[PDB]
Amino acid sequence: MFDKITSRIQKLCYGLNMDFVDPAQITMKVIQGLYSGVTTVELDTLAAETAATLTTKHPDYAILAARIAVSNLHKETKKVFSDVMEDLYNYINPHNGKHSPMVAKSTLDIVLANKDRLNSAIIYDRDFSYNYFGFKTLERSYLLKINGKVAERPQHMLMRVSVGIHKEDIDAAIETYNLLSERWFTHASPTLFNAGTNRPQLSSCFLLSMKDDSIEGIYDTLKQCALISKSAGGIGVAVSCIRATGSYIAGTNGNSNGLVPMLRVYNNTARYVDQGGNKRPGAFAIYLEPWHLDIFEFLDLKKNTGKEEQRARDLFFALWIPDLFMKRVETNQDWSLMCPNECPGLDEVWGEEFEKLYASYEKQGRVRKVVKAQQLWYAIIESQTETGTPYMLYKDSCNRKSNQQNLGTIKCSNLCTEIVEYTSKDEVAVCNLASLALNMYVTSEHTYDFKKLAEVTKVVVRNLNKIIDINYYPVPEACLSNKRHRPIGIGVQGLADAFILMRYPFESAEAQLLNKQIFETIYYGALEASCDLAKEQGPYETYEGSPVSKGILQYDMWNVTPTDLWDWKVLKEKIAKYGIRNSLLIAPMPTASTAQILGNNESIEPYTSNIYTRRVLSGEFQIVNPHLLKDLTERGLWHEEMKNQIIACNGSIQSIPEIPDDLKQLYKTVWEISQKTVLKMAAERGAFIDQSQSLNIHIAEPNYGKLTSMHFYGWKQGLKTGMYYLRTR
Amino acid sequence: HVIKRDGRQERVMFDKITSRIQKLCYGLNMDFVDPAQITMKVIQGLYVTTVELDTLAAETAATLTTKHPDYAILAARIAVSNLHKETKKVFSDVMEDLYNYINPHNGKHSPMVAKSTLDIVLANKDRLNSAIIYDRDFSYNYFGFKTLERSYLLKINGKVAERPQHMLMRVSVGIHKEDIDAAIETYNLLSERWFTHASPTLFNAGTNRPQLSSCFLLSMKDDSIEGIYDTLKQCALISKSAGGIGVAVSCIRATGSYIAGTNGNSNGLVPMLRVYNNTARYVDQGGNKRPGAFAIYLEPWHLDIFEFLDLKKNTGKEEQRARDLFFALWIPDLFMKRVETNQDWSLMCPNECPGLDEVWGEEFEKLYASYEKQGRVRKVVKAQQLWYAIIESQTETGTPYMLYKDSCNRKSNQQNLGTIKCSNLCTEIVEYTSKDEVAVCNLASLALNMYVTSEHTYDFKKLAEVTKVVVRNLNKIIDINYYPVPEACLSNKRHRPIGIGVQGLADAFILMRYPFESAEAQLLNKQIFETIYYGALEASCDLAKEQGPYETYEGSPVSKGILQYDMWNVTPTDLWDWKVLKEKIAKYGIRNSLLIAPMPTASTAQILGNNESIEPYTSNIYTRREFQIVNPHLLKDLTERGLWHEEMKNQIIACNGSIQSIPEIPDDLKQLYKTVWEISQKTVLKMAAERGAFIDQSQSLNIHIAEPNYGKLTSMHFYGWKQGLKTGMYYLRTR
Ligand SMILES: Cc1cn([C@H]2C[C@H](O)[C@@H](COP(=O)(O)OP(=O)(O)OP(=O)(O)O)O2)c(=O)[nH]c1=O
Ligand SMILES: Cc1cn([C@H]2C[C@H](O)[C@@H](COP(=O)(O)OP(=O)(O)OP(=O)(O)O)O2)c(=O)[nH]c1=O
Ligand SMILES: Nc1nc2c(ncn2[C@@H]2O[C@H](COP(=O)(O)OP(=O)(O)O)[C@@H](O)[C@H]2O)c(=O)[nH]1
Ligand SMILES: Nc1nc2c(ncn2[C@@H]2O[C@H](COP(=O)(O)OP(=O)(O)O)[C@@H](O)[C@H]2O)c(=O)[nH]1
Ligand SMILES: [Mg+2]
Ligand SMILES: [Mg+2]
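Criteria and thresholds
Residues numbered from 1 in each chain as written, not as in the entry; some residues may be left out. Chains lettered and ligands numbered in written order. Heavy atoms only, no water. Residues with missing side-chain atoms left out of burial classes, pairs and counts. Helix = DSSP H or I, 4+ residues; strand = E, 2+ residues; numbered from the N terminus. Rg over C-alpha atoms; globule rule 2.2 N^0.38 Å. Near = heavy atom within 4 Å. Polar contact = N/O pair within 3.5 Å; in protein donor to acceptor, adjacent residues only side chain to side chain. Areas by Shrake-Rupley, 256 points an atom, 1.4 Å probe, with all protein chains shown as cover. Nonpolar A, V, L, I, M, F, W, Y, C, P; charged D, E, K, R; others polar. Contact = heavy atoms within 4.5 Å. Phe/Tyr/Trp six-rings, centres within 6.5 Å; stacked < 30°, edge-to-face > 60°. Buried < 20%, exposed > 50% of the residue type's maximum accessible area, 1.4 Å probe, protein only. UniProt positions renumbered as here; feature names shortened; annotations may be inferred. Pairing = 2+ DSSP bridges. Axes fitted to C-alpha atoms, helices over the stretch in contact; angles between N-to-C directions. Salt bridge = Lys/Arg side-chain N within 4 Å of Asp/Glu carboxyl O. Expected span 1.5 Å × (residues − 1).

Caption draft 1: Spotlight on the overall build of chain B. Along its length, chain B carries 30 helices and 20 strands. A compact globule built from 735 residues would reach a C-alpha radius of gyration of about 27 Å, and chain B, at 27 Å, matches this within 12%. Taking the principal axes of its C-alpha atoms as reference, chain B extends roughly 90 × 65 × 60 Å.

The structure is reproduced here in structure tokens:
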């Protein structure tokens with residue numbers, strides 16, 4: 001009756017700790033509602049759900065929940081890759097009768113022609129390694145559906161992504177498949193969505209400089225954003241060269257309306273071209289430089305307060321901050337706002353040069369409004385304490401140390417503030433992204449395995465590089481920028497989890513060492529790989545003239561001298577001889593949902609909480625941090641009463657009477673870590689990061705004193721991105 | 001004790017001021033020539049200067065208008081000879097200065113006049129200067145002149161540098177270039193006031209990249225964001241260049257429709273207009289006043305019609321409104337029939353039911369009902385439910401405008417091009433548009449009041465004679481004009497359409513002793529539009545005989561020996577031959593695909609002091625700039641009859657501008673100055689129709705209903721439609 005259920009579940013606890021998992025208990029909760037017309041697929045789904053709500057009891061419950069769902073996904077699915085591929089291709093849309101392939105014919109053909117080999121390279125076992133909430137995330141958006149029914153197993157998608165990247169190179173494809181399915185690294189969603197399909201828009205981010213300062217020019221740029229948006233790209237726009245409000249319009253005879261009305265047009269564009277349908281408007285980051293006359297209004301665009309004609313709330317906002325400005329704040333001083341029309345080219349030059357031009361324009365009469373630099377400064381942080389944005393990036397720091405600095409002045413960053421690339425009136429910059437699951441490399445022996453991490457890294461460089469060519473650009477200028485400079489963005493995830501599996505607290509000296517080494521190898525490995533490609537395919541079109549082409553690597557620009565781990569001199573001897581294929585390589589991105597799939601914490605970030613909520617459909621589930629939960633149960637200290645204590649503390653282990661110290665250090669949240677140490681650790685690794693890194697500052701005691709030193713700390717440390725989002729109480 | 005305009009300081013003499021006013025009552029109604037009433041007020045307050053005492057002088061004169069409207073042409077004389085006193089005599093010298101302009105900004109040499117256009121003038125200083133009659137400056141009223149000076153006379157910082165005549169001549173040569181014979185000829189009529197070109201021409205003729213046209217009508221390129229944003233660019237560009245637009249938006253697929261290539265669903269008409277609405281607000285020509293004007297045209301079968309009508313309500317969720325825009329329905333006969341016979345009406349998505357907007361009439365019906373048979377219909381409502389929504393919208397915003405797709409298309413000489421998908425911002429222009437043609441139009445309006453005889457009759461012969469110069473002018477503009485988009489140019493050089501309108505029509509009736517709606521007025525209306533047609537065709541033929549026909553002429557209703565009245569099945573009166581005309585078009589043909597189109601004359605009628613366009617006087621008491629004005633003819637008639645006692649204005653205001661009950665005013669004058677609210681709107685409809693048998697485009701036709709409701713509104717629309725008008729309604733004015 002009820003056994004028929006239990007031992008069906010039991011058949012799937014096939015390695016989980018059974019002193020904490022009790023399948024008899026999932027049965028209890030399932031029993032509620034006896035065969036009142038409940039199908040086996042229905043019942044199976046009820047079980048994994050029940051099982052998942054019991055994660056708070058032990059993490060293995062989540063493994064189980066996952067197994068049950070996967071088990072079903074398999075009983076509802078074709079066991080043969082080549083077969084699914086064909087069906088995906090043969091899809092007829094019932095609504096209009098049109099044959100509408102779901103994979104690319106050419107991908108199918110590379111597959112059919114290699115049926116046996118590929119088909120049998122799959123281990124459908126690997127599907128069972130996803131944890132329940134990762135699986136649900138995949139199932140929701142990542143596995144192609146036919147008629148609302150999921151057609152692909154996860155291994156299928158993974159194999160589609162590989163033979164979509166590597167086309168005829170089966171060996172290469174089969175390599176990538178194993179790396180992907182064994183969870184060593186993953187490509188970014190755009191690639192997981194489109195590799196092997198028709199519009200293979202495989203790129204995650206786009207930068208573009210506003211064209212000219214005209215109505216013709218503005219609208220052209222807009223048209224570009226709409227198209228890029230329709231390709232569900234995320235953009236950054238440099239807006240600083242547009243006339244300010246009041247400025248003269250010579251042709252008509254009147255007065256420029258300023259940045260707000262124009263920005264309000266972009267806003268409603270982001271709402272309109274939102275993939276077609278629902279929430280998450282298009283998503284643009286507008287980048288101002290704080291010398292621009294309109295800066296003060298630009299800062300109130302996201303405020304939750306009326307005069308609707310003066311808000312632009314679906315946009316995102318960032319400061320392209322020059323050094324001069326930071327000085328004039330810290331050493332209390334006047335700051336003079338010009339109109340980029342009275343005062344040309346302020347944006348097209350940086351640092352030593354920049355400061356010359358500004359001070360020139362200034363003591364020359366050509367200011368339009370002089371204010372105390374501190375009055376602006378506080379206006380900034382008044383919106384950040386309010387809205388979390390604008391993001392803080394240091395224009396001069398980005399230009400000072402970008403291997404792309406020979407192309408001209410880098411005019412901004414992207415949506416997520418880790419990409420620092422050049423844009424012109426005829427190049428929109430692009431980036432292809434993947435991430436390393438750093439947790440994967442801590443040895444069965446509590447050491448780290450840098451050889452394998454370098455080794456894997458080398459593969460990722462190859463793939464991302466193929467993508468550049470394979471990829472479909474939304475606008476010709478994107479295709480241009482990309483073939484010209486061939487930049488890529490290698491990134492990480494689970495860096496938190498690495499430490500935890502090493503027993504290293506986050507802010508510990510040992511963790512500060514690994515953080516160095518970990519990003520040291522990745523960069524050593526990517527270069528070695530790019531350098532290899534350069535031997536094979538030639539160095540990129542704009543190579544000679546750049547920093548590395550003049551013998552200077554990233555850390556050189558930071559004056560960082562790296563650890564014994566790798567022999568730079570030898571790698572440098574290679575790059576000297578062949579060059580490198582890729583203009584830039586490393587750009588740790590939020591891993592917003594890729595990490596959510598694999599099971600790790602996002603990016604370079606520590607644990608926000610030790611309990612957190614995931615909701616699935618109508619289901620809502622409290623997830624305790626896995627590492628912690630093993631440590632606690634696997635030590636007898638865990639019970640339910642305690643769960644609620646921790647939950648009574650937003651998620652802090654800290655006050656809990658009977659929890660050991662080595663564990664408290666280990667599992668302290670971010671609201672508990674020295675943010676100064678956070679920025680110091682980003683700075684230290686940033687030396688081996690040729691792009692920026694999406695860096696969030698978590699203050700909880702949300703006062704202006706504590707924040708004003710944060711930014712300046714960030715700045716002086718020499719960071720390109722000082723702040724992504726300000727997350728607070 | 002007041003410092004004169006020379007530095008040298010004369011005493012304030014209460015006889016000096018008054019006889020200096022006499023000099024300018026050189027043409028005035030004797031019994032109300034009282035400059036002793038004037039200096040009494042001028043010398044009441046004294047706080048030095050001539051120019052400073054001339055302006056108070058000239059304002060206090062304007063304020064004695066509601067005693068007699070000659071005080072208002074005098075009020076203008078003492079502001080215009082004020083202006084005269086320090087604005088250069090000779091014209092060549094003035095056009096000279098404009099070119100030499102070196103502002104102080106980019107302190108850069110910034111020619112306020114065309115390269116060539118003085119090379120022409122000073123190639124002639126003599127002939128053009130000895131053509132100007134600066135006494136014509138004294139023929140304006142105060143408020144004409146103040147709007148003339150406000151923005152039509154070229155300012156050289158603060159000080160306006162042009163005299164009225166000066167700006168007129170500028171235009172005359174900015175149009176005709178080398179042909180001085182026929183540039184003086186134009187200048188004559190223009191300063192004599194027998195017509196005017198529209199503002200853009202008045203503004204830019206003879207300047208350096210001449211924005212010479214006001215109308216643009218385009219249709220939304222394709223149904224893709226690629227094309228949606230191409231159009232938006234176009235509109236921004238046109239907007240920048242002053243241009244008013246109508247856009248045909250019916251081909252964009254409905255809310256909910258499938259996006260194949262993203263596998264999502266269109267957010268629909270609304271989210272997209274919002275981008276347009278904000279564009280209108282952004283590109284408002286630079287800074288202030290009013291958002292670029294875009295009228296948006298939907299056909300009522302489109303799935304998003306009910307939202308469309310909500311866009312203008314100034315009450316509703318923000319991301320669901322679009323108040324800065326303008327809304328017009330492009331209505332097919334089917335829809336009206338379905339309403340009147342109370343049947344269902346099917347809403348479809350242009351992506352599922354393509355090319356509905358591509359065809360009209362007996363053909364559209366086939367395709368549409370075919371779509372019904374195949375059950376490709378997204379929603380079906382009772383046509384009357386849709387109707388009701390329409391006139392809620394009008395009941396509370398005066399829009400949408402009502403044009404009739406099939407009347408437009410069936411009666412257009414542009415037929416042979418395809419289906420006209422929309423009209424212009426003011427609903428007078430009915431022109432073809434396609435993926436790479438945007439229709440333009442160049443306007444001038446004839447001052448109808450000016451063709452009445454001394455002994456009270458109509459001079460149809462000169463009406464005709466003037467009209468001809470006008471078309472040769474408007475046509476010479478097509479070639480001389482500067483277009484903001486390639487497609488605009490292409491369209492115009494292909495089909496070469498021309499928009500000739502009118503003003504001062506109510507005035508024409510009054511001057512002829514006619515109550516607006518009388519049999520006499522009803523005929524004269526028929527007959528003055530009969531002539532304006534014959535006239536402009538006689539010239540368009542003449543032009544084709546000289547320059548050849550226009551590119552797409554052959555195959556058009558005219559090339560098949562069919563003129564507008566023929567397309568309306570109406571017989572012209574005995575007045576003109578027609579038999580003889582059709583014969584010379586049979587051989588030579590015509591240079592202009594379209595000729596006539598009574599646009600409103602918002603600004604240019606205020607200038608020449610005529611009542612707007614083709615309508616009645618709306619009140620007998622109104623307000624310019626504040627300063628008051630009782631209708632010119634009523635006062636004249638009242639005062640010269642003795643009926644106008646001081647008191648009696650307070651009576652006519654009390655009952656909101658009506659003379660229908662003041663027991664003093666005889667039954668005949670009561671007839672003659674009936675205001676619009678007192679005139680049968682169905683008669684103003686029957687008339688527009690009677691008249692528009694001679695207008696090859698449409699005519700912007702406001703409808704006035706004091707206290708509206710579903711009854712009256714449906715009644716008048718259906719009537720307007722039955723009589724076969726292309727524009728059924730412009731604005732609904734209530735109140
Ligand atoms: C036409 C127009 C321009 N602008 C602003 C947007 C741009 O930042 C700025 C440039 O407009 P432009 O279109 O470049 O104006 P222009 O053709 O007269 O060229 P210029 O004055 O440079 O000689 O003016 C408005 O804000 N509203 C408008 O209506
Ligand atoms: C991409 C996109 C399209 N649309 C609407 C606007 C137009 O009505 C229509 C044009 O979409 P298209 O730009 O033509 O998108 P598509 O390339 O996928 O073309 P299709 O679906 O026709 O194969 O869809 C949106 O409303 N929002 C969007 O984000
Ligand atoms: N259009 C759009 N793009 C986004 C959004 N969020 C992130 N991106 C892009 O994704 C990049 C970073 O990858 P990430 O956010 O970690 O996503 P993931 O790796 O695919 O889960 C950014 O640089 C953006 O260009 C969004 O909400 N909308
Ligand atoms: N840009 C713009 N164009 C207009 C506006 N009103 C009218 N127009 C254009 O001018 C035509 C009507 O003429 P009218 O308003 O009387 O012009 P005017 O009397 O010469 O100033 C229309 O067909 C429009 O194309 C406006 O408010 N803005
Ligand atoms: Mg410009
Ligand atoms: Mg399309």
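Caption draft 2: Layout of the site of ligand 2. Surveying the vicinity of ligand 2 reveals 18 residues, the closest of which are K230 of chain A together with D223, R253, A260 and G261 of chain B. Surrounding ligand 2 is a set of residues that belongs to chains A and B. A distance of 3.4 Å separates a nitrogen atom of ligand 2 from a polar atom in the backbone of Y272 of chain A. Here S266 of chain B contributes a side-chain N or O atom positioned 3.2 Å from an oxygen atom of ligand 2. Compared with its free state, where it exposes 590 Å², ligand 2 has 86% of that area covered by protein. A class-by-class count of the residues in the shell around ligand 2 yields seven nonpolar, seven polar and four charged.

Caption draft 3: Inspection of the environment of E365 of chain B at higher detail. Residues and elements named next belong to chain B. Its location among the elements puts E365 in helix α16 (residues 361-373). On a C-alpha basis, the gap between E365 and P515 in space is 43 Å, while along the polypeptide they are 150 residues apart. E365 has contacts with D333 and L334, leaving out every residue within four places of it along the chain.

Caption draft 4: Structural detail: the packing of aromatic side chains. Applying the stated criterion across every chain, the model contains 55 aromatic pairs over all chains. Between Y550 of chain B and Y553 of chain B, the aromatic rings sit 5.5 Å apart at their centres with planes inclined by 55°, giving tilted as the arrangement. Given the relative accessible area of 3%, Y550 of chain B is considered buried. Given a relative accessible area of 10%, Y553 of chain B falls into the buried group. Within the aromatic cluster, the residues linked to one another by ring pairs are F325, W335, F354, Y358, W377, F712 and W715 of chain A.

Caption draft 5: Representation of the UniProt feature "active site" in chain A in the model. All names here are of chain A. According to UniProt, the feature "active site" maps to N414, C416 and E418 in the numbering used here. Within the secondary structure, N414 is located in the loop between α18 (395-400) and β9 (429-431). Its location among the elements puts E418 in the loop between α18 and β9. Residue classification places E418 among the buried positions, given a relative accessible area of 2%.

Caption draft 6: Just the UniProt feature "active site" in chain B, in detail. Residues and elements named next belong to chain B. Mapped onto the present numbering, the UniProt feature "active site" falls on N424, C426 and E428. Inspection of the secondary structure puts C426 in the loop between α18 (405-410) and β13 (439-441). You can call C426 buried: its relative accessible area is 17%. With sequence-adjacent residues up to four places away left out, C426 is seen in contact with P600, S700 and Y730. Checked against the element boundaries, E428 lands in the loop between α18 and β13. Among residues more than four places away in sequence, those in contact with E428 are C215, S423, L443, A597, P598, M599, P600, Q697, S698, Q699 and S700.

Caption draft 7: Spotlight on the site of ligand 4. All names here are of chain B. Every one of the 20 residues lining ligand 4 counts as a neighbour, but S199, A242, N424, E428 and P600 are closest to it. The separation between an oxygen atom of ligand 4 and a polar main-chain atom of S214 is 3.4 Å. Protein contact buries 83% of the 580 Å² of open area that ligand 4 shows by itself. Looking at the shell around ligand 4, the element that brings in the most residues is helix α25 (residues 602-608), giving three residues. Considered class by class, the residues forming the shell around ligand 4 number ten nonpolar, eight polar and two charged.

Caption draft 8: Structural context of the sheet that holds strand β11 (residues 489-493) of chain A. Residues and elements named next belong to chain A. Here three strands make up an open sheet; going across it, the order is β1-β10-β11 and the pairing mixed. At either end of the open sheet lies a strand with only one pairing partner, and these are β1 (185-187) and β11. For this sheet, the mean angle separating the axes of adjacent strands, direction not counted, is 25°. Two elements, strand β10 (residues 433-437) and β11, share five bridges in a ladder whose sense is parallel. Its bridge partner lying in β11, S435 is registered against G491.

Caption draft 9: Molecular detail of the pattern of salt bridges. All chains considered together, the criterion is met by 55 salt bridges over all chains. Ionic pairing is found between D87 of chain A and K78 of chain A, a salt bridge with its closest N-O pair at 2.7 Å. Since its relative accessible area comes to 40%, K78 of chain A is described here as partly exposed. The partner of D637 of chain B in a salt bridge is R513 of chain B, with the nearest N and O atoms 3.2 Å apart. The exposure class of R513 of chain B is partly exposed, given its relative accessible area of 36%. Three or more residues joined by partner-sharing salt bridges are found here, namely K223 of chain A together with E226 and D230 of chain B.

Caption draft 10: Structural context of helix α29 (residues 675-686) of chain A. All names here are of chain A. Compared with an ideal rise of 1.5 Å per residue, which puts twelve residues at 16 Å, α29 spans 16 Å between its outermost C-alpha atoms and is within 8% of the ideal. Burial within α29 is extensive, with nine of its twelve residues counted as buried. Among all positions of α29, only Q675, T677, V678, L679, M681, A682, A683, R685 and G686 are buried.

Caption draft 11: Structural view of the interface of chain A and chain B. Each partner contributes to the interface: chain A provides 32 residues, whereas chain B provides 33 residues. Secondary structure elements with two or more residues in the side of chain A that touches chain B: α12 (215-230) and α13 (259-272) of chain A. Among the elements that make up the side of chain A that touches chain B, the one with the highest residue count is α12 of chain A (ten residues). Residues of the side of chain A that touches chain B, tallied by class, amount to twelve nonpolar, eleven polar and nine charged.

Caption draft 12: Quick peek at the sheet that holds strand β4 (residues 284-288) of chain A. All names here are of chain A. Strand order in the open sheet formed by seven strands is β9-β2-β3-β4-β5-β8-β15, and the pairing between neighbours is mixed. What marks the edges here is a single partner per strand, and that holds for β9 and β15 (721-723). Each strand of the sheet is rotated relative to its neighbour by a mean of 20°, with strand direction disregarded. With two bridges connecting them, strand β8 (residues 391-394) and β15 associate as antiparallel partners. Residue pairing in the sheet places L393 in a bridge with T721 of β15.

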